[PDB]
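Visitor: Contents are compact mmCIF, N, CA and C atoms; file name entry-v7.txt:
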```
# COMPACT_ATOMS: atom_id res chain seq x y z
N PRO L 507 -66.82 -63.41 -29.94
CA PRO L 507 -67.68 -62.42 -30.60
C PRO L 507 -68.41 -61.54 -29.60
N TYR L 508 -68.65 -60.30 -30.01
CA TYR L 508 -69.42 -59.34 -29.24
C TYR L 508 -70.47 -58.70 -30.13
N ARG L 509 -71.69 -58.56 -29.62
CA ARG L 509 -72.77 -57.92 -30.35
C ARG L 509 -72.84 -56.45 -29.94
N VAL L 510 -72.71 -55.55 -30.91
CA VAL L 510 -72.73 -54.12 -30.66
C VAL L 510 -73.97 -53.52 -31.31
N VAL L 511 -74.78 -52.82 -30.53
CA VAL L 511 -75.94 -52.10 -31.04
C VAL L 511 -75.71 -50.61 -30.81
N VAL L 512 -75.77 -49.82 -31.88
CA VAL L 512 -75.48 -48.40 -31.82
C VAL L 512 -76.76 -47.64 -32.12
N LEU L 513 -77.15 -46.73 -31.23
CA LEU L 513 -78.42 -46.03 -31.35
C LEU L 513 -78.17 -44.56 -31.66
N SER L 514 -78.81 -44.06 -32.71
CA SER L 514 -78.57 -42.71 -33.20
C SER L 514 -79.86 -41.91 -33.11
N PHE L 515 -79.76 -40.65 -32.70
CA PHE L 515 -80.94 -39.79 -32.64
C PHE L 515 -80.49 -38.34 -32.49
N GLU L 516 -81.44 -37.44 -32.68
CA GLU L 516 -81.26 -36.01 -32.45
C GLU L 516 -82.24 -35.57 -31.37
N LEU L 517 -81.88 -34.51 -30.65
CA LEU L 517 -82.61 -34.13 -29.45
C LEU L 517 -83.11 -32.69 -29.56
N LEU L 518 -84.40 -32.51 -29.31
CA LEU L 518 -85.00 -31.19 -29.06
C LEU L 518 -84.80 -30.23 -30.23
N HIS L 519 -85.01 -30.71 -31.45
CA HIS L 519 -85.00 -29.82 -32.61
C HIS L 519 -86.18 -30.07 -33.54
N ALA L 520 -86.71 -31.28 -33.52
CA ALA L 520 -87.73 -31.73 -34.45
C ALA L 520 -88.84 -32.43 -33.69
N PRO L 521 -90.01 -32.60 -34.31
CA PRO L 521 -91.05 -33.42 -33.68
C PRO L 521 -90.54 -34.83 -33.42
N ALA L 522 -90.94 -35.39 -32.28
CA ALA L 522 -90.48 -36.69 -31.84
C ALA L 522 -91.65 -37.67 -31.77
N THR L 523 -91.32 -38.96 -31.81
CA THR L 523 -92.33 -40.00 -31.84
C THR L 523 -92.06 -41.15 -30.87
N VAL L 524 -90.90 -41.18 -30.21
CA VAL L 524 -90.56 -42.30 -29.35
C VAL L 524 -90.88 -41.98 -27.89
N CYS L 525 -90.21 -40.97 -27.34
CA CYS L 525 -90.39 -40.55 -25.95
C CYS L 525 -90.04 -41.63 -24.94
N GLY L 526 -90.13 -41.29 -23.66
CA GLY L 526 -89.79 -42.20 -22.59
C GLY L 526 -91.03 -42.68 -21.85
N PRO L 527 -90.82 -43.33 -20.70
CA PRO L 527 -91.95 -43.93 -19.98
C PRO L 527 -92.68 -42.96 -19.07
N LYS L 528 -92.29 -41.69 -19.05
CA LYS L 528 -92.93 -40.72 -18.17
C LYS L 528 -94.39 -40.50 -18.57
N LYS L 529 -95.22 -40.22 -17.58
CA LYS L 529 -96.66 -40.09 -17.77
C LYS L 529 -97.05 -38.61 -17.82
N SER L 530 -97.87 -38.26 -18.81
CA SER L 530 -98.23 -36.88 -19.06
C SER L 530 -99.38 -36.43 -18.16
N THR L 531 -99.54 -35.11 -18.07
CA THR L 531 -100.61 -34.52 -17.27
C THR L 531 -101.43 -33.55 -18.10
N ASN L 532 -102.32 -32.80 -17.45
CA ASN L 532 -103.18 -31.86 -18.15
C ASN L 532 -102.44 -30.54 -18.39
N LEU L 533 -103.03 -29.73 -19.26
CA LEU L 533 -102.44 -28.46 -19.68
C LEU L 533 -103.07 -27.33 -18.87
N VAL L 534 -102.24 -26.56 -18.17
CA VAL L 534 -102.68 -25.39 -17.43
C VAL L 534 -102.21 -24.15 -18.19
N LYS L 535 -103.12 -23.21 -18.39
CA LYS L 535 -102.85 -21.99 -19.14
C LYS L 535 -103.06 -20.77 -18.26
N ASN L 536 -102.43 -19.67 -18.67
CA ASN L 536 -102.51 -18.39 -17.97
C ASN L 536 -102.03 -18.49 -16.52
N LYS L 537 -101.00 -19.30 -16.29
CA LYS L 537 -100.43 -19.43 -14.96
C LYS L 537 -98.95 -19.78 -15.08
N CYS L 538 -98.22 -19.55 -13.99
CA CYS L 538 -96.79 -19.86 -13.94
C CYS L 538 -96.62 -21.33 -13.60
N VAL L 539 -96.10 -22.11 -14.54
CA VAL L 539 -96.01 -23.55 -14.40
C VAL L 539 -94.71 -24.04 -15.02
N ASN L 540 -94.12 -25.07 -14.41
CA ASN L 540 -93.02 -25.79 -15.03
C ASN L 540 -93.57 -26.75 -16.07
N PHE L 541 -92.93 -26.79 -17.23
CA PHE L 541 -93.42 -27.57 -18.35
C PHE L 541 -92.34 -28.50 -18.86
N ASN L 542 -92.77 -29.61 -19.46
CA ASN L 542 -91.88 -30.60 -20.07
C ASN L 542 -92.52 -31.01 -21.39
N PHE L 543 -92.20 -30.29 -22.46
CA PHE L 543 -92.77 -30.53 -23.78
C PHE L 543 -91.77 -31.34 -24.60
N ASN L 544 -92.06 -32.63 -24.77
CA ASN L 544 -91.25 -33.53 -25.59
C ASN L 544 -89.79 -33.51 -25.14
N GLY L 545 -89.57 -33.40 -23.83
CA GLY L 545 -88.25 -33.40 -23.26
C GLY L 545 -87.69 -32.03 -22.94
N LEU L 546 -88.33 -30.96 -23.40
CA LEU L 546 -87.84 -29.61 -23.17
C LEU L 546 -88.45 -29.07 -21.88
N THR L 547 -87.61 -28.78 -20.90
CA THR L 547 -88.05 -28.28 -19.61
C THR L 547 -87.86 -26.77 -19.52
N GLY L 548 -88.69 -26.14 -18.70
CA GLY L 548 -88.59 -24.71 -18.51
C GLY L 548 -89.72 -24.20 -17.63
N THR L 549 -89.76 -22.88 -17.50
CA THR L 549 -90.77 -22.20 -16.69
C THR L 549 -91.32 -21.02 -17.46
N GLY L 550 -92.61 -20.76 -17.30
CA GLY L 550 -93.22 -19.63 -17.96
C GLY L 550 -94.74 -19.72 -17.91
N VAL L 551 -95.37 -18.82 -18.66
CA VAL L 551 -96.82 -18.76 -18.78
C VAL L 551 -97.18 -19.15 -20.20
N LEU L 552 -98.10 -20.11 -20.33
CA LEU L 552 -98.52 -20.62 -21.63
C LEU L 552 -99.85 -19.98 -22.01
N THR L 553 -99.91 -19.44 -23.22
CA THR L 553 -101.11 -18.81 -23.74
C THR L 553 -101.33 -19.26 -25.18
N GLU L 554 -102.57 -19.14 -25.64
CA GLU L 554 -102.90 -19.56 -26.99
C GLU L 554 -102.17 -18.69 -28.02
N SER L 555 -101.89 -19.28 -29.17
CA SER L 555 -101.07 -18.66 -30.20
C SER L 555 -101.89 -18.35 -31.44
N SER R 803 -92.87 35.91 -28.94
CA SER R 803 -93.98 34.97 -28.85
C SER R 803 -93.59 33.57 -29.29
N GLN R 804 -92.52 33.43 -30.06
CA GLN R 804 -92.12 32.13 -30.57
C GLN R 804 -91.14 31.40 -29.65
N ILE R 805 -90.64 32.07 -28.61
CA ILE R 805 -89.76 31.43 -27.64
C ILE R 805 -90.33 31.45 -26.23
N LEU R 806 -91.42 32.16 -25.98
CA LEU R 806 -92.10 32.22 -24.70
C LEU R 806 -93.18 31.15 -24.62
N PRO R 807 -93.54 30.71 -23.42
CA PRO R 807 -94.56 29.66 -23.29
C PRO R 807 -95.90 30.08 -23.87
N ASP R 808 -96.60 29.10 -24.43
CA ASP R 808 -97.92 29.30 -25.01
C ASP R 808 -98.98 28.73 -24.07
N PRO R 809 -99.88 29.55 -23.53
CA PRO R 809 -100.86 29.04 -22.56
C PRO R 809 -101.95 28.18 -23.19
N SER R 810 -102.03 28.09 -24.51
CA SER R 810 -103.09 27.34 -25.18
C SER R 810 -102.76 25.86 -25.34
N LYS R 811 -101.60 25.42 -24.88
CA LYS R 811 -101.20 24.03 -24.95
C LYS R 811 -101.43 23.33 -23.62
N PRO R 812 -101.60 22.01 -23.62
CA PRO R 812 -101.71 21.29 -22.34
C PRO R 812 -100.51 21.49 -21.44
N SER R 813 -99.31 21.50 -22.01
CA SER R 813 -98.11 21.90 -21.29
C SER R 813 -97.89 23.39 -21.48
N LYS R 814 -96.75 23.90 -21.02
CA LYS R 814 -96.39 25.30 -21.15
C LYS R 814 -95.15 25.46 -22.02
N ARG R 815 -95.09 24.71 -23.11
CA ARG R 815 -93.97 24.78 -24.03
C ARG R 815 -94.20 25.84 -25.09
N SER R 816 -93.11 26.46 -25.53
CA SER R 816 -93.18 27.44 -26.60
C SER R 816 -93.43 26.79 -27.96
N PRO R 817 -93.74 27.59 -29.01
CA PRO R 817 -93.89 27.03 -30.35
C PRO R 817 -92.59 26.32 -30.71
N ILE R 818 -91.47 27.04 -30.65
CA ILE R 818 -90.20 26.43 -31.03
C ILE R 818 -89.88 25.20 -30.20
N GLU R 819 -90.19 25.23 -28.91
CA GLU R 819 -89.95 24.07 -28.06
C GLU R 819 -90.78 22.87 -28.50
N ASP R 820 -92.05 23.10 -28.87
CA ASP R 820 -92.88 22.01 -29.35
C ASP R 820 -92.34 21.45 -30.66
N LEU R 821 -91.90 22.33 -31.56
CA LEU R 821 -91.30 21.87 -32.81
C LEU R 821 -90.05 21.05 -32.53
N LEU R 822 -89.23 21.49 -31.57
CA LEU R 822 -88.04 20.74 -31.18
C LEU R 822 -88.42 19.37 -30.63
N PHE R 823 -89.45 19.32 -29.79
CA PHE R 823 -89.86 18.07 -29.16
C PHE R 823 -90.43 17.09 -30.17
N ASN R 824 -91.05 17.59 -31.24
CA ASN R 824 -91.65 16.71 -32.23
C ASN R 824 -90.65 16.16 -33.23
N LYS R 825 -89.38 16.56 -33.17
CA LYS R 825 -88.38 16.13 -34.13
C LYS R 825 -87.38 15.14 -33.55
N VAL R 826 -87.57 14.71 -32.31
CA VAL R 826 -86.76 13.66 -31.70
C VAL R 826 -87.69 12.52 -31.31
N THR R 827 -87.47 11.35 -31.89
CA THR R 827 -88.31 10.18 -31.64
C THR R 827 -87.63 9.31 -30.58
N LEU R 828 -88.20 9.30 -29.38
CA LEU R 828 -87.69 8.46 -28.30
C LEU R 828 -88.17 7.03 -28.49
N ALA R 829 -87.78 6.15 -27.56
CA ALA R 829 -88.18 4.76 -27.60
C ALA R 829 -89.16 4.38 -26.50
N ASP R 830 -89.41 5.26 -25.54
CA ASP R 830 -90.29 4.98 -24.41
C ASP R 830 -91.32 6.11 -24.30
N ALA R 831 -92.53 5.87 -24.81
CA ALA R 831 -93.64 6.79 -24.63
C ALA R 831 -94.23 6.54 -23.24
N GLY R 832 -93.57 7.11 -22.24
CA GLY R 832 -93.85 6.81 -20.85
C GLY R 832 -92.86 5.81 -20.29
N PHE R 833 -93.03 5.52 -19.00
CA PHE R 833 -92.13 4.61 -18.30
C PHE R 833 -92.88 3.56 -17.49
N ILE R 834 -94.13 3.29 -17.83
CA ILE R 834 -94.94 2.28 -17.17
C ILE R 834 -95.41 1.31 -18.25
N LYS R 835 -94.70 0.21 -18.41
CA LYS R 835 -95.08 -0.85 -19.35
C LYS R 835 -95.45 -2.08 -18.54
N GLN R 836 -96.74 -2.36 -18.45
CA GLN R 836 -97.24 -3.41 -17.59
C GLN R 836 -96.89 -4.80 -18.14
N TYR R 837 -96.91 -5.78 -17.24
CA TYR R 837 -96.67 -7.17 -17.63
C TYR R 837 -97.76 -7.67 -18.56
N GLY R 838 -99.02 -7.34 -18.27
CA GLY R 838 -100.12 -7.77 -19.10
C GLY R 838 -100.19 -7.09 -20.45
N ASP R 839 -99.49 -5.96 -20.60
CA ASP R 839 -99.51 -5.26 -21.88
C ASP R 839 -98.83 -6.08 -22.97
N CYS R 840 -97.72 -6.74 -22.65
CA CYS R 840 -97.04 -7.64 -23.58
C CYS R 840 -96.92 -9.02 -22.93
N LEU R 841 -97.95 -9.84 -23.13
CA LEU R 841 -97.98 -11.23 -22.66
C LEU R 841 -98.46 -12.09 -23.81
N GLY R 842 -97.57 -12.90 -24.37
CA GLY R 842 -97.93 -13.76 -25.48
C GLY R 842 -97.09 -13.53 -26.71
N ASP R 843 -97.74 -13.27 -27.84
CA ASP R 843 -97.03 -13.02 -29.09
C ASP R 843 -96.47 -11.61 -29.18
N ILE R 844 -96.90 -10.71 -28.30
CA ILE R 844 -96.35 -9.36 -28.29
C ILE R 844 -94.88 -9.38 -27.88
N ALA R 845 -94.50 -10.28 -26.98
CA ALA R 845 -93.10 -10.48 -26.64
C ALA R 845 -92.35 -11.03 -27.85
N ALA R 846 -91.04 -10.78 -27.87
CA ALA R 846 -90.15 -11.10 -28.98
C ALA R 846 -90.51 -10.34 -30.25
N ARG R 847 -91.47 -9.41 -30.16
CA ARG R 847 -91.80 -8.50 -31.24
C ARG R 847 -91.75 -7.04 -30.83
N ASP R 848 -91.86 -6.73 -29.54
CA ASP R 848 -91.66 -5.38 -29.02
C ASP R 848 -90.28 -5.33 -28.37
N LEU R 849 -89.44 -4.42 -28.85
CA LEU R 849 -88.06 -4.36 -28.38
C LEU R 849 -87.98 -4.03 -26.90
N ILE R 850 -88.85 -3.14 -26.42
CA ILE R 850 -88.80 -2.75 -25.01
C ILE R 850 -89.14 -3.93 -24.11
N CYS R 851 -90.17 -4.69 -24.46
CA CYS R 851 -90.51 -5.88 -23.68
C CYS R 851 -89.42 -6.94 -23.78
```
Would you give me this structure, written as structure tokens?

Guide:
Amino acid sequence: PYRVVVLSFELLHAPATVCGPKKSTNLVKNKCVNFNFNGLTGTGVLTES
Amino acid sequence: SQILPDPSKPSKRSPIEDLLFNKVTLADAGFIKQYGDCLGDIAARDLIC
């Protein structure tokens, strides 16, 4: 016998609740910063909406 | 008088020339669009930016 565990999920389309072990930091605004929002990486300037 | 320049205008365009200029709508009112002019929600809503 073999035990098989199959894990299903969707990525970067909906709000998430699990996440990984990475540790978060503070939010910097009005500056050029690399960001990682719920797994989504990129570069830009963050401003209030 | 309708095709010669008119000195009463800020430019030196004729009446007919001004009428001609007012009937073509360009997309760039000037050529200096600053970065701070469209920063935030203005982007993805202004076609030029």

Visitor: Give as a list in words every residue of chain R that touches chain L within 9 Å, counting only C-alpha atoms.

Guide: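 On the chain R side, the interface is residues 841, 842 and 843 of chain R.
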
Visitor: Let's have the selection written as a PDB file, in the coordinates of the input, with N, CA and C atoms.

Guide:
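New file selection_28.pdb:
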```pdb
ATOM      1  N   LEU R 841     -97.950  -9.840 -23.130  1.00  0.00           N
ATOM      2  CA  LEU R 841     -97.980 -11.230 -22.660  1.00  0.00           C
ATOM      3  C   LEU R 841     -98.460 -12.090 -23.810  1.00  0.00           C
ATOM      4  N   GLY R 842     -97.570 -12.900 -24.370  1.00  0.00           N
ATOM      5  CA  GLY R 842     -97.930 -13.760 -25.480  1.00  0.00           C
ATOM      6  C   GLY R 842     -97.090 -13.530 -26.710  1.00  0.00           C
ATOM      7  N   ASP R 843     -97.740 -13.270 -27.840  1.00  0.00           N
ATOM      8  CA  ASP R 843     -97.030 -13.020 -29.090  1.00  0.00           C
ATOM      9  C   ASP R 843     -96.470 -11.610 -29.180  1.00  0.00           C
TER      10      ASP R 843
END
```

Visitor: At a cut-off of 7 Å, using only N, CA and C atoms, what residues contact segment 515-523 of chain L? Leave out same-chain residues fewer than 5 positions from it and give the result as JSON, numbers by chain.

Guide: {"L": [544, 545, 546]}

Visitor: Work out how far atom CA of residue 828 of chain R is from atom CA of residue 814 of chain R, in Å to one decimal.

Guide: 20.3 Å

Visitor: Go ahead and compute the interatomic distance for atom CA of residue 836 of chain R and atom CA of residue 538 of chain L, in Å to one decimal.

Guide: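 The value is 16.9 Å.
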
Visitor: Mind the document's chain letters and residue numbers, and return as JSON, numbers by chain the residues of chain R that DSSP labels alpha helix (DSSP H).

Guide: {"R": [817, 818, 819, 820, 821, 822, 823]}

Visitor: Go ahead and compute the interatomic distance for atom N of residue 542 of chain L and atom C of residue 526 of chain L, in Å to one decimal.

Guide: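 A separation of 13.4 Å between them.
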